[PDB]
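Colleague: Protein chains in written order, with PDB author numbering: chain A, 5 to 327; chain E, 5 to 327; chain C, 5 to 327; chain B, 501 to 660; chain F, 501 to 659; chain D, 501 to 660. Don't be surprised by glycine CBs; every beta carbon is placed ideally from N, CA and C.
(1) To test your reading of the DSSP string, which unbroken beta strand (DSSP E) runs of 3 or more residues are found completely within the region 71 to 146 of chain E?
(2) Is the shortest distance between the beta-carbon of residue 641 of chain F and the beta-carbons of chain B less than 8 Å?
(3) Following the continuous alpha helix (DSSP H) through residue 193 of chain C, name the residue where it begins and the one where it ends.
(4) Indicate the three-state DSSP secondary structure (helix, strand or coil) for residue 261 of chain C in the structure shown.
(5) Over the uninterrupted beta strand (DSSP E) stretch that includes residue 11 of chain C, give me the two end residues.
(6) Taking 6 Å as the limit between beta carbons, can you name the residues of its chain near residue 641 of chain B, skipping five residues before and five after?
(7) In this structure, what does DSSP give as the bridge partners for residue 157 of chain A?
(8) Does any residue of chain D bring its CB to less than 8 Å from the CB of residue 103 of chain A?
(9) Since residue 307 of chain E and residue 562 of chain F are thought to touch, with beta carbons under 8 Å apart, how far apart are those beta carbons, to the nearest angstrom?
(10) Mind listing, in chain order, the continuous alpha helix (DSSP H) runs of no fewer than 4 residues lying wholly within the region 196 to 257 of chain E?
(11) Would residue 254 of chain C pass as a contact of residue 220 of chain C if the rule is Cβ separation under 8 Å?
(12) Give the secondary structure of residue 309 of chain A by DSSP, where H, G and I count as helix, E and B as strand, and everything else as coil.
(13) Give the residues from the region 591 to 614 of chain F that approach chain E closer than 7 Å (Cβ to any Cβ), ordered along the chain.
(14) State the CB to CB distance for the pair residue 321 of chain E and residue 11 of chain E, rounded to an integer number of angstroms; the pair is presumed to be in contact (CB under 8 Å).
(15) Is it buried or exposed for residue 175 of chain A, if we count other Cβ within 10 angstroms and need 16 for buried?
(16) Taking all protein chains shown into account, decide if residue 215 of chain E is buried (16 or more other Cβ within 10 angstroms of its Cβ) or exposed.
(17) Is the beta carbon of residue 31 of chain C less than 8 Å from the beta carbon of residue 19 of chain C?
(18) Exposed or buried, residue 99 of chain C, counting other C-beta atoms within 10 Å across all chains shown (16 or more means buried)?
(19) Leaving out the 5 sequence neighbours to the left and right, which residues in its chain are closer than 6 Å to residue 263 of chain C when beta-carbon positions are compared?
(20) Nearest-angstrom Cα distance between residue 570 of chain B and residue 578 of chain B?
(21) Determine the chain B residues that contact residue 13 of chain A at a beta-carbon separation under 9 Å, and present them in chain order.
(22) Mapping the DSSP letters down to three states, classify residue 598 of chain D as helix, strand or coil.
(23) Do you know offhand how far residue 223 of chain C's Cα is from residue 127 of chain C's?
(24) Thinking C-alpha only, which one of A:239, A:270, A:204 and A:17 is nearest residue 88 of chain A?
(25) Rounded to whole angstroms, what is the Cα-Cα separation between residue 540 of chain F and residue 582 of chain D?
(26) Does DSSP put residue 644 of chain D in a helix, a strand or coil?
(27) In whole angstroms, give me the CA-to-CA distance for residue 316 of chain C and residue 295 of chain C.
(28) Any beta carbon of chain D sitting closer than 8 Å to that of residue 28 of chain A?
(29) Pick helix, strand or coil for residue 580 of chain D, following the three-state DSSP scheme.
(30) Can you list, in chain order, the residues of the region 570 to 593 of chain D whose Cβ is nearer than 8 Å to any Cβ on chain F?
(31) According to DSSP, what are the bridge partners of residue 176 of chain E?
(32) Over the uninterrupted alpha helix (DSSP H) stretch that includes residue 557 of chain F, give me the two end residues.
(33) With 16 as the cutoff for other CB atoms within 10 Å, does residue 78 of chain C come out buried or exposed?
(34) Would you say residue 508 of chain D reaches chain C, if we count a Cβ-Cβ gap shorter than 8 Å as a contact?
(35) Output, in sequence order along the chain, the residues in the region 533 to 560 of chain B whose CB is closer than 8 Å to any CB in chain E.
(36) Could you tell me the boundaries of the alpha helix (DSSP H) in which residue 630 of chain F lies?
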């Protein structure tokens, strides 16, 4: 009669590393590294992301004619740009503090696009049909959906002054432009006044703009330039536009609502009717593991990104079938 | 005759966590996490902090009348702002590079407030009585204690040019303002000249300021605006002010002495006559422990902040009273 | 007859630290902390560094006469400034976005200095021989080698406009300056036109400069100032200069080639004909150890810097010679 | 092994025992078979389960983290951002890999340790009523039946 | 325990011993009592004291660290600063908790080992002159008076 | 030591042993001498080699890292860059020092364990043919020549 003391063994092939020995075969172990995603863009807890597609933030907020399909979108869980998000500004120029604007939109969960300055009743003494081939739509010269190109009317450009009181109960993102003709002749045909200026002010914003006229290389075959600006108008405050030329006025503005967890990602993956708590530019993750080696960019509640190829914690013991 | 080998046990109820098991009772242990604080704001190694109270850096450096109690303070160990530090600038406008100026004062251990341009003798041909209800004191219109509102005298505002040579042996902080009237009428009534300008230069600072006239929403009852600027005049260098209007001249400047370990904190705790080597916004810490979970903002020599609720290291053994 | 089981011991004097005991003498150990280095700045994988010596980046790119020996250098593995690199700009002023230009040059592996606007043929109606005592060479008033000071010719300064099309197939760094006379008199006899301006535009760059006349404290005996600007002209794009005065025109520009692993360091060490894969401001390192406590600044492939004085891992056992 | 049992004086494991990690073989006249020690196997499961849960719990969830844009004149800021992201990524990758490598070593030793203490625990019971053959086996002298083999498993026996 | 002594073949502890962590009981003609093994208790105190001092010493003093302001157009810089502050806070909170967890396990097992080695040291001294009656006790086969008991405690027992 | 052998019941090391870290001291009628146990010494070497290699491999190579300049109005950015550089440096210095300190303790315990297990391996062989002196030595009852001393070193003997 005998009785021996021994330990468990099985057919497991799971291997793990230790400080003294690499690739040790064990009986039980647990993977701590998530390396699987569904290769799709999904709703984040029921809410769909805003897909800019062929457009970028600039094209979207200015109202580039190429981004009309986006005009009706009011809420999203995160913003998605693609490698082909080329349509931004159509009339060459500089977008002042554009990166900061993108940062702002990054914490916006929703906004309401409204007419801050109705085209028909806002500018009685100025023409508002300014259009350009640089912003064409359907093969015809057009313009930004949210701005208005004001010009001389009947040989005259009276000094304009218009204001808007924010009674939306939220911050109102206001955008506008300043046109810079390539020569004094154009400045005159378009605005009459040779030495014009634009003034934009609020309780905490105050800037003056002077047309800088000069010949420049052609971009989208325009020698002219248009610079774009923006400011956040606090609830209850007033914004005042004053000009005697060169103002690319605000027509539509946005009443912003803030949220948390949003962000802007770049991806070439497609939107699907899927839901997740964790989205990466490559696909969504459904996991409880502490780490993931899928992607560093993350939207939601995800595992920590690490560069590791393998992270397995042994649970059982050294496996020695002894065959 | 017998002899047994054994181990200590006692009435300790101290518990510690381990990798394999949580809440294990042990005979001896040491806490490494400081969670006790003094409440109260203390002197740091004998030196008291500067309490701006109802004022903020802007109000203090410009000389906002609401901050007169602070005028005599010359040295401090750290700066304290409160949730009620509302009185900064009293005349609406922008304080250019205000954050950098705050960062600068953060390494200032002390300074001397002196008259860089005496009110009487510096501006023989200009009025200096200018005041505003925006900066009222004792229910009367007043003005910054460190600046002077220069205006027309006897229907005329001569071009002024005044300079100052830094012979203090230290960097001198100079502040000044540019006034922007709401309409050309005021521009002319106050400065006589319609196309005024202000120039300020040193061996390494060079800037020109132009009035930008325009109607603006009222703030503190002012449609006008006042922008504030500053610069550090190096030892031995000269600063030159030239202007034919719109200049809110420096009256008092600050000769700065640099130090180490200071900073600006926001606290609602009260100053007491206590001394400490480590101060947080919540209270002073007196400890030798390596960590603390009191507050991440620290002045002096303190333990490292961590989010941990408990950090106890067992020294003794598993307590098994065997009772 | 006896058989004993024992362990190795020797004369080794190696010591290591453990969590329970310090300075433990052991039989075999291995150092992991590299503390040895060349003095000596070496070639990085065969390529030599660019030694600016008594010059800084500004002096080099602008072509300060004091840095002529640098003019011919076309490629390098890294850039070296010394504690004595004081020769930058010689005519007093501000170098706009100077730090960003340093950062740009930090990823430049080589460039070709070429004549963007040849001295004879580019400015037919203007004088190009302006020089200053502030940028003297051989005891004679001279000027930057890559820029040209344009002035009035025969009593007149005609409006100029010149262009350059980037056909290099690489980015071209263009530099230029804007002169700011100390008074109206100097403005007149140097450029005639009292109210001048300079315009510089490309497909993505657009700026205008107005001379600001004012007496300023003298630097290098100059009461006037000169601001220097730069921009990167993309391949195929065109840069246009237009001015009616105050333009310090570009003469030579640089077609840049990008690389990786380079950077700017400050060293007091001397160049020698040595080759290394790892360079620090104190000397080169030849090591396979994971850590080094030599210097935090490194060029190449180096060990991680750490503040540690000692890092030795025991491999053998506790040494007990039992003598 | 740090304690000498697993892959030590007890050469290998038993694919035949499937009730736990540690147990007995036993072959009485009544029959053979395998039996796992719940006491040991369970305590082992509690510790290791707690370990894995600690490792997981310390790595609280990663919330939204995305890239940022910088204009052409903010190269320094863009590189600083890049240093920050690469730096944190280097540290966490390092931390994760070391912790696992180190704890895996500890876990194996822990098992070696448990098998060791189980062996000595029985040896101290039997004492003279059997001899230590090999591979951690005990050849009884008095020959005990299955019901007895169980006294050894539950920790009783009684017979120094 | 990793070594099987504490809470092992020596079920519980002695609230009766109060001179050290490890010791001996002993029943004699001249009476009973407890005595701590200064030799092994001190070594243990030196080791653990060093461990604790190392954990403390590695965390250098935390010098002034405060907040920073950013204007409305510096949202990206503000978030970068926030990412930095939280990033470091995450790593240190992680480091401190793991180091303590990991070392507490090591300390406990260290004590287990010490008791274990003390027991085996006495055994190799007594041999046939006593029998292991279990639970870490030894019954002598001869009379071992106090003077003799102390020879066992200071490891000089003459076989 | 955690395992009691080194600096324990085997009080000292042999400067005479120069073939490995662990070994046997010979004392027969034919003569005396030392001899390293290649089996145990090699396994120990493979373990320590892999350990030190792991520590090294985990600290991937440091690539170009230099300072940056900031103008006089970029004090906050400069301080941020400073907080970032000092923060990472504190962590890596802390990581390197702790790791080395902890692994050295472990390496020493490791050797202690190896010496212990080797001793317990030979004790089980000689168990009934010699007595345990106590200093880690064994006095053979029958006294065996060199050819037999070898049967002990190569794990055979088998002469209960």
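Modeller: The answer reads as follows:
(1) Scanning the region 71 to 146 of chain E for uninterrupted beta strand (DSSP E) segments of 3 residues or longer gives 83 to 85, 112 to 119, 136 to 141 and 144 to 146, listed from N- to C-terminal end.
(2) With 8 Å as the cut-off, residue 641 of chain F does not count as an interface residue toward chain B.
(3) Per DSSP, residue 193 of chain C belongs to the alpha helix (DSSP H) from 188 to 195.
(4) The answer is strand: DSSP assigns residue 261 of chain C an E or B state.
(5) Secondary structure note for residue 11 of chain C: its beta strand (DSSP E) is the uninterrupted segment 6 to 12.
(6) If we look at residue 641 of chain B and ignore the five residues flanking it on each side, its Cβ neighbours are 629 and 630.
(7) Answer is A:160, bridged to residue 157 of chain A.
(8) Closer than 8 Å: no.
(9) Between residue 562 of chain F and residue 307 of chain E the Cβ distance is about 6 Å, and since that is below 8 Å, they are a contact.
(10) The qualifying runs do not exist here; there are none.
(11) Contact flag unset, no.
(12) If DSSP states are grouped into helix, strand and coil, residue 309 of chain A belongs with the strands.
(13) Here the close residues are 592, 593, 596, 597, 600, 601, 602, 603, 604, 605, 607, 608 and 611.
(14) Yes, they are in contact, since the Cβ atoms of residue 321 of chain E and residue 11 of chain E sit about 6 Å apart, within 8 Å.
(15) With a 10 Å radius around the Cβ and a threshold of 16 neighbouring Cβ atoms, residue 175 of chain A comes out buried.
(16) Buried is the call here.
(17) Cβ atoms of residue 31 of chain C and residue 19 of chain C: not closer than 8 Å.
(18) With 16 or more Cβ atoms within 10 Å of its Cβ, residue 99 of chain C is classed as buried.
(19) Cβ neighbours of residue 263 of chain C beyond the five flanking positions: 113.
(20) In this structure, the CA atom of residue 570 of chain B is about 6 Å from the CA atom of residue 578 of chain B.
(21) Neighbours of residue 13 of chain A on chain B, chain order: 512, 513, 514, 515, 516 and 517.
(22) The DSSP-derived three-state label of residue 598 of chain D is helix.
(23) Near 30 Å, if we compare the C-alpha coordinates of residue 127 of chain C and residue 223 of chain C.
(24) Closest by C-alpha distance to residue 88 of chain A, out of A:239, A:270, A:204 and A:17, is A:270.
(25) Each residue's alpha carbon lies about 48 Å from the other.
(26) Of the three classes helix, strand and coil, the one that applies to residue 644 of chain D here is coil, per DSSP.
(27) If I take the Cα positions, the gap works out to 11 Å.
(28) Contact with chain D is absent for residue 28 of chain A, since none of that chain's Cβ atoms lies less than 8 Å from the residue's Cβ.
(29) Helix, per DSSP.
(30) Against chain F - using a Cβ distance shorter than 8 Å - the residues of the region 570 to 593 of chain D are 576, 577, 579, 580, 583, 584, 587, 590 and 591.
(31) E:237 and E:259, per the DSSP bridge assignment.
(32) Here the alpha helix (DSSP H) through residue 557 of chain F covers 538 to 558.
(33) Here residue 78 of chain C is exposed, its C-beta having fewer than 16 other C-beta atoms within 10 Å.
(34) No, because no Cβ of chain C sits closer than 8 Å to the Cβ of residue 508 of chain D.
(35) Those would be 546, 547, 548, 550, 551 and 554, in chain order.
(36) Counting along the chain, residue 630 of chain F sits inside no alpha helix (DSSP H); it lies in the beta strand (DSSP E) bounded by residues 630 to 632.
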